[PDB]
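File shown: data.cif (mmCIF, C-alpha atoms and all ligand atoms).
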```cif
data_protein
#
loop_
_atom_site.label_atom_id
_atom_site.label_comp_id
_atom_site.auth_asym_id
_atom_site.auth_seq_id
_atom_site.Cartn_x
_atom_site.Cartn_y
_atom_site.Cartn_z
CA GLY M 1 102.35 123.30 83.55
CA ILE M 2 101.69 119.74 84.74
CA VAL M 3 103.37 120.44 88.06
CA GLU M 4 101.42 123.66 88.80
CA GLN M 5 98.20 122.05 87.64
CA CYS M 6 98.60 118.54 89.18
CA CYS M 7 100.59 119.06 92.31
CA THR M 8 98.36 121.78 93.86
CA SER M 9 95.24 119.81 93.06
CA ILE M 10 94.42 116.38 91.73
CA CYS M 11 94.60 115.67 88.08
CA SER M 12 92.45 112.78 86.97
CA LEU M 13 93.69 110.38 84.31
CA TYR M 14 91.67 112.57 81.86
CA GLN M 15 93.59 115.66 82.84
CA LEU M 16 96.83 113.77 82.72
CA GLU M 17 96.26 112.45 79.17
CA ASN M 18 96.54 115.99 78.02
CA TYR M 19 100.28 115.63 78.66
CA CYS M 20 100.74 112.47 76.51
CA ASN M 21 103.06 112.36 73.48
CA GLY D 1 114.66 102.64 71.89
CA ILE D 2 114.79 102.80 75.68
CA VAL D 3 112.44 99.86 76.07
CA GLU D 4 114.39 97.63 73.74
CA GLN D 5 117.80 98.77 75.28
CA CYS D 6 117.03 98.91 79.08
CA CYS D 7 114.02 96.70 79.53
CA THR D 8 114.63 93.81 77.11
CA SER D 9 118.41 94.15 77.68
CA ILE D 10 120.08 95.84 80.63
CA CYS D 11 121.30 99.42 80.31
CA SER D 12 124.08 101.20 82.04
CA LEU D 13 123.51 104.56 83.72
CA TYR D 14 125.20 106.18 80.68
CA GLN D 15 122.88 104.34 78.37
CA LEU D 16 119.88 105.47 80.43
CA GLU D 17 121.02 109.11 80.12
CA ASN D 18 120.67 109.08 76.32
CA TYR D 19 116.90 109.48 77.06
CA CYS D 20 117.27 112.62 79.10
CA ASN D 21 116.41 115.87 77.36
CA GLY H 1 121.20 112.76 107.83
CA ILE H 2 119.66 111.56 104.55
CA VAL H 3 116.20 112.65 105.67
CA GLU H 4 117.26 116.20 106.72
CA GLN H 5 119.38 116.55 103.61
CA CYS H 6 117.05 114.92 101.01
CA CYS H 7 113.58 115.62 102.21
CA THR H 8 113.95 119.43 102.59
CA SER H 9 115.63 119.70 99.23
CA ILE H 10 116.34 117.40 96.32
CA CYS H 11 119.19 115.00 96.44
CA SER H 12 120.46 113.96 93.05
CA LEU H 13 121.57 110.39 92.44
CA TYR H 14 125.12 111.72 93.13
CA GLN H 15 124.12 112.97 96.55
CA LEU H 16 122.24 109.79 97.23
CA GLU H 17 125.23 107.52 96.40
CA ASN H 18 126.90 108.96 99.41
CA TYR H 19 124.52 106.80 101.45
CA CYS H 20 125.39 103.49 99.69
CA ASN H 21 126.85 100.49 101.56
CA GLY W 1 88.37 88.55 89.30
CA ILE W 2 90.66 91.52 88.71
CA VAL W 3 93.79 89.44 89.16
CA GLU W 4 92.72 86.78 86.72
CA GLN W 5 91.42 89.44 84.18
CA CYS W 6 94.14 92.20 84.34
CA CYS W 7 97.18 90.46 85.72
CA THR W 8 97.07 87.01 84.09
CA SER W 9 95.46 88.53 80.96
CA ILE W 10 95.56 92.18 79.97
CA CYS W 11 92.62 94.45 80.79
CA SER W 12 91.35 97.50 79.07
CA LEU W 13 90.68 100.70 80.99
CA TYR W 14 86.95 99.81 80.82
CA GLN W 15 87.66 96.40 82.21
CA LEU W 16 89.72 97.93 85.02
CA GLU W 17 86.78 100.22 85.94
CA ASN W 18 84.52 97.27 86.79
CA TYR W 19 86.53 97.18 90.08
CA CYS W 20 85.77 100.74 91.05
CA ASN W 21 83.09 101.23 93.69
CA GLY U 1 120.45 86.69 101.97
CA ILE U 2 117.19 88.63 101.62
CA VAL U 3 117.28 88.42 97.84
CA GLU U 4 117.81 84.70 97.76
CA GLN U 5 115.18 84.12 100.59
CA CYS U 6 112.34 86.59 99.64
CA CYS U 7 112.85 87.26 95.98
CA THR U 8 113.93 83.89 94.56
CA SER U 9 111.75 82.11 97.16
CA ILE U 10 108.86 83.64 99.07
CA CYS U 11 109.41 84.95 102.59
CA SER U 12 107.05 85.24 105.47
CA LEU U 13 106.68 88.50 107.37
CA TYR U 14 108.86 86.95 110.12
CA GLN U 15 111.47 86.05 107.59
CA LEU U 16 111.39 89.60 106.20
CA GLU U 17 111.99 91.00 109.71
CA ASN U 18 115.37 89.28 110.02
CA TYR U 19 116.61 92.17 107.78
CA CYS U 20 115.45 94.92 110.08
CA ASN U 21 118.10 96.57 112.22
CA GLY T 1 89.20 107.14 108.48
CA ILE T 2 92.43 105.67 107.07
CA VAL T 3 93.36 109.00 105.50
CA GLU T 4 92.81 111.08 108.69
CA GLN T 5 94.55 108.45 110.78
CA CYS T 6 97.47 107.53 108.44
CA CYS T 7 98.23 110.67 106.55
CA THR T 8 98.64 112.99 109.58
CA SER T 9 100.78 110.44 111.37
CA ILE T 10 102.37 107.12 110.52
CA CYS T 11 100.36 103.99 110.55
CA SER T 12 102.41 100.87 111.09
CA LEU T 13 101.56 97.68 109.21
CA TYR T 14 99.61 96.72 112.40
CA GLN T 15 97.47 99.81 112.18
CA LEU T 16 97.02 99.32 108.49
CA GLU T 17 95.79 95.71 108.83
CA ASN T 18 92.78 97.10 110.54
CA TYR T 19 91.65 98.24 107.09
CA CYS T 20 91.96 94.78 105.42
CA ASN T 21 88.98 92.99 103.84
CA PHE E 1 123.72 101.99 89.67
CA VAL E 2 121.62 98.81 89.35
CA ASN E 3 122.38 96.16 86.68
CA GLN E 4 118.76 95.29 86.08
CA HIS E 5 116.08 95.05 83.49
CA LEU E 6 114.14 98.19 84.03
CA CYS E 7 110.64 98.06 82.55
CA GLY E 8 107.30 99.87 82.67
CA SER E 9 106.89 102.20 85.58
CA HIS E 10 110.42 101.31 86.93
CA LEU E 11 112.01 102.50 83.76
CA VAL E 12 110.25 105.91 84.02
CA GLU E 13 111.03 106.25 87.72
CA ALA E 14 114.71 105.49 86.85
CA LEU E 15 114.72 108.12 84.09
CA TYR E 16 113.08 110.62 86.44
CA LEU E 17 115.80 110.11 89.04
CA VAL E 18 118.66 109.89 86.54
CA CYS E 19 117.74 112.93 84.46
CA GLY E 20 117.03 115.44 87.21
CA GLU E 21 116.24 118.96 86.09
CA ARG E 22 116.81 118.12 82.38
CA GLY E 23 113.79 115.95 82.40
CA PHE E 24 113.32 113.28 79.80
CA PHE E 25 111.39 111.78 76.96
CA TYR E 26 109.64 108.36 77.18
CA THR E 27 108.77 106.80 73.84
CA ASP E 28 107.60 103.52 75.26
CA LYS E 29 108.06 100.96 72.45
CA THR E 30 109.76 102.05 69.16
CA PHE C 1 112.43 121.19 96.93
CA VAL C 2 110.93 117.76 97.79
CA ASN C 3 107.13 118.08 97.85
CA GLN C 4 107.22 119.09 94.06
CA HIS C 5 109.94 116.49 93.49
CA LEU C 6 107.97 113.80 95.32
CA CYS C 7 104.85 114.93 93.43
CA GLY C 8 106.64 114.53 90.11
CA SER C 9 107.57 110.92 90.95
CA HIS C 10 103.82 110.11 91.08
CA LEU C 11 103.03 112.21 88.03
CA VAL C 12 105.58 110.32 85.88
CA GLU C 13 104.21 106.91 87.07
CA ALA C 14 100.65 108.13 86.29
CA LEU C 15 101.62 109.38 82.86
CA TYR C 16 103.23 106.04 82.14
CA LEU C 17 99.90 104.28 82.80
CA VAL C 18 97.66 106.81 81.02
CA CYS C 19 99.80 107.50 77.90
CA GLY C 20 100.92 103.88 77.45
CA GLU C 21 102.40 103.41 73.96
CA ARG C 22 102.07 107.04 73.02
CA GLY C 23 104.65 107.91 75.67
CA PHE C 24 105.32 111.38 76.87
CA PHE C 25 107.81 114.19 77.57
CA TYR C 26 108.64 115.24 81.09
CA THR C 27 110.38 118.61 81.26
CA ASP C 28 109.77 122.33 81.78
CA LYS C 29 111.57 125.65 82.16
CA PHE R 1 104.58 112.13 110.76
CA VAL R 2 103.75 111.36 107.10
CA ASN R 3 105.55 113.87 104.88
CA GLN R 4 108.97 112.53 106.25
CA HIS R 5 107.57 108.99 106.14
CA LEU R 6 106.30 109.45 102.59
CA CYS R 7 109.64 111.08 101.70
CA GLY R 8 111.53 108.07 103.05
CA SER R 9 109.53 105.71 100.80
CA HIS R 10 110.99 107.53 97.76
CA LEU R 11 114.45 107.76 99.28
CA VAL R 12 114.63 103.97 99.82
CA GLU R 13 113.46 103.30 96.21
CA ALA R 14 116.08 105.80 94.94
CA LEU R 15 118.83 104.26 97.01
CA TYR R 16 117.90 100.86 95.65
CA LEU R 17 118.49 102.11 92.08
CA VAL R 18 121.65 104.13 92.80
CA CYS R 19 123.47 101.69 95.15
CA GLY R 20 122.47 98.55 93.23
CA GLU R 21 124.63 95.61 94.34
CA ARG R 22 126.44 97.57 96.99
CA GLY R 23 123.18 97.90 98.92
CA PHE R 24 122.67 100.23 101.78
CA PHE R 25 121.57 100.82 105.39
CA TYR R 26 118.43 102.74 106.19
CA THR R 27 118.26 103.86 109.82
CA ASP R 28 118.99 106.79 112.13
CA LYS R 29 118.60 107.94 115.74
CA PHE Z 1 95.97 103.63 78.64
CA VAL Z 2 98.66 100.93 78.87
CA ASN Z 3 98.18 97.46 77.28
CA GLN Z 4 100.02 95.63 80.01
CA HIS Z 5 99.76 92.90 82.55
CA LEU Z 6 99.13 94.79 85.70
CA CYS Z 7 99.89 92.76 88.83
CA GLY Z 8 100.45 93.18 92.57
CA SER Z 9 101.11 96.71 93.66
CA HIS Z 10 100.86 98.01 90.02
CA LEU Z 11 97.35 96.74 89.73
CA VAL Z 12 96.29 98.62 92.91
CA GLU Z 13 98.10 101.79 91.87
CA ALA Z 14 96.27 101.55 88.49
CA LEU Z 15 92.90 101.10 90.22
CA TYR Z 16 93.67 104.01 92.53
CA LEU Z 17 94.38 106.29 89.57
CA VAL Z 18 91.56 104.96 87.39
CA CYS Z 19 88.82 105.06 90.02
CA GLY Z 20 89.40 108.50 91.49
CA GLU Z 21 86.93 109.65 94.10
CA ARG Z 22 84.78 106.48 93.74
CA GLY Z 23 87.52 104.44 95.21
CA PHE Z 24 87.68 100.73 94.64
CA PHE Z 25 87.66 97.21 95.95
CA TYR Z 26 90.69 94.86 95.68
CA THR Z 27 89.88 91.19 96.12
CA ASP Z 28 93.33 89.95 95.25
CA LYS Z 29 92.85 86.37 93.98
CA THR Z 30 89.27 84.98 93.57
CA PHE S 1 100.91 89.80 104.70
CA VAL S 2 101.42 88.95 101.01
CA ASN S 3 102.71 85.50 99.90
CA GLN S 4 104.72 86.85 97.01
CA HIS S 5 108.12 87.01 95.48
CA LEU S 6 109.31 90.39 96.51
CA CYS S 7 112.19 91.67 94.38
CA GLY S 8 114.08 94.86 93.56
CA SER S 9 112.35 98.01 94.62
CA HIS S 10 109.33 96.03 96.02
CA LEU S 11 111.56 94.20 98.41
CA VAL S 12 112.98 97.49 99.79
CA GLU S 13 109.54 99.10 100.01
CA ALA S 14 108.37 95.97 101.94
CA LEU S 15 111.34 96.20 104.33
CA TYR S 16 110.71 99.92 104.80
CA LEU S 17 107.09 99.27 105.79
CA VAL S 18 107.82 96.15 107.83
CA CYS S 19 110.74 97.53 109.82
CA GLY S 20 109.33 100.90 110.85
CA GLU S 21 111.49 102.98 113.14
CA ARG S 22 114.17 100.25 113.43
CA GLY S 23 115.07 100.73 109.85
CA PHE S 24 116.86 98.06 107.92
CA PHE S 25 119.83 96.86 105.97
CA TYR S 26 119.66 95.92 102.25
CA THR S 27 122.54 93.80 101.01
CA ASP S 28 121.10 93.20 97.58
CA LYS S 29 122.67 89.92 96.37
CA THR S 30 124.93 87.90 98.78
CA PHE V 1 94.37 118.25 96.87
CA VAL V 2 97.69 116.43 96.29
CA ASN V 3 99.32 115.77 99.67
CA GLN V 4 96.24 113.57 100.67
CA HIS V 5 96.15 112.18 97.12
CA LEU V 6 99.87 111.43 97.17
CA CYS V 7 99.45 109.98 100.68
CA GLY V 8 96.70 107.66 99.44
CA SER V 9 98.99 106.28 96.70
CA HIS V 10 101.32 104.99 99.46
CA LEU V 11 98.46 103.81 101.64
CA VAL V 12 97.02 101.64 98.83
CA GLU V 13 100.48 100.10 98.11
CA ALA V 14 100.93 99.43 101.86
CA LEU V 15 97.50 97.86 102.17
CA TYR V 16 98.29 95.63 99.22
CA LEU V 17 101.35 94.25 101.07
CA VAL V 18 99.73 93.95 104.51
CA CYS V 19 96.30 92.53 103.50
CA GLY V 20 97.66 90.23 100.79
CA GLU V 21 95.00 87.67 99.81
CA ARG V 22 92.36 89.13 102.06
CA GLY V 23 92.33 92.27 99.92
CA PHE V 24 90.69 95.47 100.92
CA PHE V 25 88.28 98.32 100.12
CA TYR V 26 89.52 101.80 99.43
CA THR V 27 86.78 104.42 99.62
CA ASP V 28 85.17 106.96 101.94
CA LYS V 29 82.55 109.73 102.03
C1 LIG M 101 97.95 110.50 89.42
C2 LIG M 101 98.44 111.81 89.98
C3 LIG M 101 99.70 111.82 90.59
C4 LIG M 101 100.23 113.00 91.13
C5 LIG M 101 99.50 114.18 91.09
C6 LIG M 101 98.25 114.17 90.48
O1 LIG M 101 97.58 115.31 90.45
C7 LIG M 101 97.71 112.99 89.93
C1 LIG M 102 115.25 110.47 94.52
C2 LIG M 102 114.85 111.27 95.74
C3 LIG M 102 113.74 110.82 96.47
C4 LIG M 102 113.31 111.50 97.61
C5 LIG M 102 113.97 112.65 98.03
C6 LIG M 102 115.07 113.09 97.31
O1 LIG M 102 115.69 114.19 97.74
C7 LIG M 102 115.52 112.41 96.16
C1 LIG M 103 102.78 102.60 104.89
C2 LIG M 103 102.11 103.95 105.06
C3 LIG M 103 101.91 104.71 103.90
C4 LIG M 103 101.30 105.97 103.96
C5 LIG M 103 100.91 106.49 105.19
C6 LIG M 103 101.11 105.73 106.33
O1 LIG M 103 100.71 106.25 107.49
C7 LIG M 103 101.72 104.46 106.28
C1 LIG M 104 108.38 121.12 86.15
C2 LIG M 104 109.81 120.77 85.84
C3 LIG M 104 110.82 121.72 86.01
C4 LIG M 104 112.14 121.41 85.73
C5 LIG M 104 112.45 120.14 85.26
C6 LIG M 104 111.45 119.18 85.08
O1 LIG M 104 111.77 117.94 84.62
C7 LIG M 104 110.12 119.50 85.36
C1 LIG M 105 89.36 109.17 101.87
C2 LIG M 105 88.70 109.05 100.52
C3 LIG M 105 87.76 110.01 100.12
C4 LIG M 105 87.14 109.92 98.88
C5 LIG M 105 87.47 108.86 98.04
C6 LIG M 105 88.40 107.89 98.44
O1 LIG M 105 88.71 106.86 97.60
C7 LIG M 105 89.01 107.99 99.69
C1 LIG M 106 115.64 109.09 109.70
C2 LIG M 106 115.15 107.85 110.40
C3 LIG M 106 114.76 107.92 111.73
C4 LIG M 106 114.30 106.78 112.40
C5 LIG M 106 114.25 105.58 111.71
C6 LIG M 106 114.65 105.50 110.37
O1 LIG M 106 114.59 104.30 109.71
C7 LIG M 106 115.11 106.64 109.71
CL CL M 107 107.67 93.60 88.26
CL CL M 108 104.66 111.56 98.34
ZN ZN M 109 107.16 96.70 90.01
ZN ZN M 110 104.77 109.55 97.42
#
```
Give the structure from this file in structure tokens form.
Amino acid sequence: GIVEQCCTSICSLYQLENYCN
Amino acid sequence: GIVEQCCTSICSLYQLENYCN
Amino acid sequence: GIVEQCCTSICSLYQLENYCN
Amino acid sequence: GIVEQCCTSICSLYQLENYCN
Amino acid sequence: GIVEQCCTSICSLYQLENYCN
Amino acid sequence: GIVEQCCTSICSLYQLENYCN
Amino acid sequence: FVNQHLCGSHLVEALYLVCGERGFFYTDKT
Amino acid sequence: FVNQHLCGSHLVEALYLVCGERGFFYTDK
Amino acid sequence: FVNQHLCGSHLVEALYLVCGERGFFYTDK
Amino acid sequence: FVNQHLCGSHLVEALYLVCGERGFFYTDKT
Amino acid sequence: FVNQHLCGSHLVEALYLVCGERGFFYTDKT
Amino acid sequence: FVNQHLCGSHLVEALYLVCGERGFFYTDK
């Protein structure tokens, strides 16, 4: 999810916007 | 909403918890 | 102390209030 | 500068990026 | 106190250090 | 650099000021 | 718990801490 | 469980900035 | 010594929120 | 992206996130 | 060091950084 | 790559406080 994807490696703001709304 | 309750006014802990899932 | 207790595992706000004052 | 653009006024993302290297 | 010195007015580093143990 | 020096071990504010400007 | 205006990032951090494993929903402005 | 917990503190602050007025959900499992 | 140092940054921000006007001490050893 | 005044530490955090591997320069006041 | 109002969480973060291994005491309001 | 990324979030907030009006650069490589 966001934690598996963005805590192992860096999520850019572009990656992170996927999780908006 | 949370912004209007806890940012423009001050919320209690209990009030803040209404925005938990 | 707080660091041994709350850096290894998660302290909730309830756990953390123990360290107030 | 960044402070006068984005703190005293509001900056867009694009505006914020002018301060990247 | 710290709030009245450094939040309502501005504190120096030296002033901030008065609240170290 | 700052990351090798200050992420492995703690940089104090004194250490960190080296990286100002 | 604080008696403070909590806004922007501080509001989210507070929800994060308060809600624990439940997680939360942030609407921003309604 | 801190490293993931500490990571999530940053993630929520990042999502706040990126999503802005759209907002977001933060939950799993 | 960062991971504990970085952890303590979050802990102090958390204690600020939870203790509010009671305040707190942050020290050991 | 937020439509907000971003000041002090929040401004730097925003630049940090926005700029990624490029990094950034923070002048503070000019 | 900054010439800024430091309040709420920012004040605590500043004390945390400034005080190092000594640690600190936060009264909030007196 | 998070631990260094998460570390850098704190470093930039620390440099903000310590450098104040002098400011700073944040980049390498
Ligand atoms: C901005 C950010 C915070 C935490 C983890 C990430 O991958 C990205
Ligand atoms: C809120 C919080 C921060 C850091 C560690 C913890 O266990 C809990
Ligand atoms: C203040 C600070 C933040 C992050 C790493 C450090 O070594 C020091
Ligand atoms: C990833 C995750 C698990 C459990 C609760 C949460 O808020 C987030
Ligand atoms: C240390 C480092 C590497 C690459 C980009 C940065 O902003 C910082
Ligand atoms: C846990 C710990 C050790 C040393 C100094 C501190 O402020 C906190
Ligand atoms: Cl603020
Ligand atoms: Cl961290
Ligand atoms: Zn703030
Ligand atoms: Zn962190």
*Write as an NGL selection string the residues around ligand LIG 106 (chain M), taking 12 Å as the cut-off and counting all atoms listed in the file.*
(:H and (1-7)) or (:U and (20-21)) or (:R and (1 or 4-9 or 11-12 or 25-29)) or (:S and (15-25))
Would you write out chain V as a PDB file with C-alpha atoms, keeping the file's coordinate frame, after superposing it on chain C by least squares over all in-order Cα pairs?
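The result, stored in part16.pdb:
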```
ATOM      1  CA  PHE V   1     112.427 121.181  96.930  1.00  0.00           C
ATOM      2  CA  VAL V   2     110.929 117.762  97.790  1.00  0.00           C
ATOM      3  CA  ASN V   3     107.132 118.078  97.846  1.00  0.00           C
ATOM      4  CA  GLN V   4     107.209 119.083  94.063  1.00  0.00           C
ATOM      5  CA  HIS V   5     109.942 116.486  93.486  1.00  0.00           C
ATOM      6  CA  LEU V   6     107.973 113.805  95.313  1.00  0.00           C
ATOM      7  CA  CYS V   7     104.843 114.936  93.437  1.00  0.00           C
ATOM      8  CA  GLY V   8     106.641 114.536  90.107  1.00  0.00           C
ATOM      9  CA  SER V   9     107.568 110.919  90.951  1.00  0.00           C
ATOM     10  CA  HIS V  10     103.821 110.112  91.078  1.00  0.00           C
ATOM     11  CA  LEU V  11     103.032 112.209  88.028  1.00  0.00           C
ATOM     12  CA  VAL V  12     105.585 110.319  85.886  1.00  0.00           C
ATOM     13  CA  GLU V  13     104.207 106.918  87.066  1.00  0.00           C
ATOM     14  CA  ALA V  14     100.648 108.127  86.300  1.00  0.00           C
ATOM     15  CA  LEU V  15     101.625 109.383  82.866  1.00  0.00           C
ATOM     16  CA  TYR V  16     103.235 106.040  82.137  1.00  0.00           C
ATOM     17  CA  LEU V  17      99.897 104.277  82.801  1.00  0.00           C
ATOM     18  CA  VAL V  18      97.662 106.806  81.025  1.00  0.00           C
ATOM     19  CA  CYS V  19      99.798 107.489  77.898  1.00  0.00           C
ATOM     20  CA  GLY V  20     100.919 103.880  77.448  1.00  0.00           C
ATOM     21  CA  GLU V  21     102.397 103.409  73.958  1.00  0.00           C
ATOM     22  CA  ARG V  22     102.070 107.039  73.020  1.00  0.00           C
ATOM     23  CA  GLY V  23     104.646 107.915  75.672  1.00  0.00           C
ATOM     24  CA  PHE V  24     105.324 111.384  76.869  1.00  0.00           C
ATOM     25  CA  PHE V  25     107.811 114.193  77.572  1.00  0.00           C
ATOM     26  CA  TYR V  26     108.638 115.245  81.084  1.00  0.00           C
ATOM     27  CA  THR V  27     110.384 118.611  81.257  1.00  0.00           C
ATOM     28  CA  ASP V  28     109.769 122.322  81.783  1.00  0.00           C
ATOM     29  CA  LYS V  29     111.579 125.657  82.160  1.00  0.00           C
TER      30      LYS V  29
END
```
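For the pair CA of residue 3 (chain V) and CA of residue 14 (chain M), the interatomic distance is 19.6 Å.
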Would you write out chain H as a PDB file with C-alpha atoms, in the frame of the given file, after superposing it on chain D by least squares over all in-order Cα pairs?
```pdb
ATOM      1  CA  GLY H   1     113.686 102.728  71.760  1.00  0.00           C
ATOM      2  CA  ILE H   2     114.443 102.842  75.500  1.00  0.00           C
ATOM      3  CA  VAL H   3     112.056  99.966  76.164  1.00  0.00           C
ATOM      4  CA  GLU H   4     113.504  97.657  73.444  1.00  0.00           C
ATOM      5  CA  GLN H   5     117.027  98.591  74.444  1.00  0.00           C
ATOM      6  CA  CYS H   6     116.666  98.604  78.280  1.00  0.00           C
ATOM      7  CA  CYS H   7     114.053  96.042  79.040  1.00  0.00           C
ATOM      8  CA  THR H   8     115.643  93.127  77.098  1.00  0.00           C
ATOM      9  CA  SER H   9     119.033  93.876  78.557  1.00  0.00           C
ATOM     10  CA  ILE H  10     120.439  96.178  81.200  1.00  0.00           C
ATOM     11  CA  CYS H  11     121.067  99.776  80.455  1.00  0.00           C
ATOM     12  CA  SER H  12     123.672 101.366  82.663  1.00  0.00           C
ATOM     13  CA  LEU H  13     123.236 104.932  83.866  1.00  0.00           C
ATOM     14  CA  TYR H  14     125.492 105.868  80.886  1.00  0.00           C
ATOM     15  CA  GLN H  15     123.121 104.260  78.427  1.00  0.00           C
ATOM     16  CA  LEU H  16     120.171 105.792  80.176  1.00  0.00           C
ATOM     17  CA  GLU H  17     121.577 109.367  80.007  1.00  0.00           C
ATOM     18  CA  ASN H  18     121.181 109.131  76.304  1.00  0.00           C
ATOM     19  CA  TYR H  19     117.449 109.536  76.932  1.00  0.00           C
ATOM     20  CA  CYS H  20     117.750 112.754  79.021  1.00  0.00           C
ATOM     21  CA  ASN H  21     116.104 116.044  77.975  1.00  0.00           C
TER      22      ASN H  21
END
```
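Residues within 8 Å of residue 13 (chain C), counting all atoms listed in the file and excluding same-chain residues fewer than 2 positions away, are residues 9, 12 and 13 of chain E; 9, 10, 11, 15, 16 and 17 of chain C.
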*asked:* Taking all atoms listed in the file into account, which residues have an atom no farther than 12 Å from ligand CL 107 (chain M)? I'd like them as number ranges by chain.
replied: D: 7; W: 7; U: 7; E: 4-11; Z: 4-11; S: 4-11
Store the residues picked out above in a file with C-alpha atoms, as a PDB file, in the frame of the given file.
```pdb
ATOM      1  CA  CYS D   7     114.020  96.700  79.530  1.00  0.00           C
TER       2      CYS D   7
ATOM      3  CA  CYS W   7      97.180  90.460  85.720  1.00  0.00           C
TER       4      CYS W   7
ATOM      5  CA  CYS U   7     112.850  87.260  95.980  1.00  0.00           C
TER       6      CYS U   7
ATOM      7  CA  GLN E   4     118.760  95.290  86.080  1.00  0.00           C
ATOM      8  CA  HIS E   5     116.080  95.050  83.490  1.00  0.00           C
ATOM      9  CA  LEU E   6     114.140  98.190  84.030  1.00  0.00           C
ATOM     10  CA  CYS E   7     110.640  98.060  82.550  1.00  0.00           C
ATOM     11  CA  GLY E   8     107.300  99.870  82.670  1.00  0.00           C
ATOM     12  CA  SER E   9     106.890 102.200  85.580  1.00  0.00           C
ATOM     13  CA  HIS E  10     110.420 101.310  86.930  1.00  0.00           C
ATOM     14  CA  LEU E  11     112.010 102.500  83.760  1.00  0.00           C
TER      15      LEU E  11
ATOM     16  CA  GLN Z   4     100.020  95.630  80.010  1.00  0.00           C
ATOM     17  CA  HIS Z   5      99.760  92.900  82.550  1.00  0.00           C
ATOM     18  CA  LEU Z   6      99.130  94.790  85.700  1.00  0.00           C
ATOM     19  CA  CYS Z   7      99.890  92.760  88.830  1.00  0.00           C
ATOM     20  CA  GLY Z   8     100.450  93.180  92.570  1.00  0.00           C
ATOM     21  CA  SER Z   9     101.110  96.710  93.660  1.00  0.00           C
ATOM     22  CA  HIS Z  10     100.860  98.010  90.020  1.00  0.00           C
ATOM     23  CA  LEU Z  11      97.350  96.740  89.730  1.00  0.00           C
TER      24      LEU Z  11
ATOM     25  CA  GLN S   4     104.720  86.850  97.010  1.00  0.00           C
ATOM     26  CA  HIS S   5     108.120  87.010  95.480  1.00  0.00           C
ATOM     27  CA  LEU S   6     109.310  90.390  96.510  1.00  0.00           C
ATOM     28  CA  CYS S   7     112.190  91.670  94.380  1.00  0.00           C
ATOM     29  CA  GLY S   8     114.080  94.860  93.560  1.00  0.00           C
ATOM     30  CA  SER S   9     112.350  98.010  94.620  1.00  0.00           C
ATOM     31  CA  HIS S  10     109.330  96.030  96.020  1.00  0.00           C
ATOM     32  CA  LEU S  11     111.560  94.200  98.410  1.00  0.00           C
TER      33      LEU S  11
END
```
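For the pair CA of residue 15 (chain U) and CA of residue 18 (chain V), the interatomic distance is 14.5 Å.
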Listed atoms of ligand LIG 102 (chain M), axis-aligned box, 8 Å per side: centre and edge lengths to one decimal in Å, as JSON?
```
{"center_x": 114.5, "center_y": 112.3, "center_z": 96.3, "size_x": 18.4, "size_y": 19.7, "size_z": 19.5}
```
*Calculate how many Å separate CA of residue 29 (chain Z) from CA of residue 8 (chain W), rounding to one decimal.*
10.8 Å
Residues of chain Z within 12 Å of chain T, counting only C-alpha atoms, as a PDB file with C-alpha atoms, keeping the file's coordinate frame:
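Output file selection.pdb follows:
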```pdb
ATOM      1  CA  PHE Z  25      87.660  97.210  95.950  1.00  0.00           C
ATOM      2  CA  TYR Z  26      90.690  94.860  95.680  1.00  0.00           C
ATOM      3  CA  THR Z  27      89.880  91.190  96.120  1.00  0.00           C
ATOM      4  CA  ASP Z  28      93.330  89.950  95.250  1.00  0.00           C
TER       5      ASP Z  28
END
```
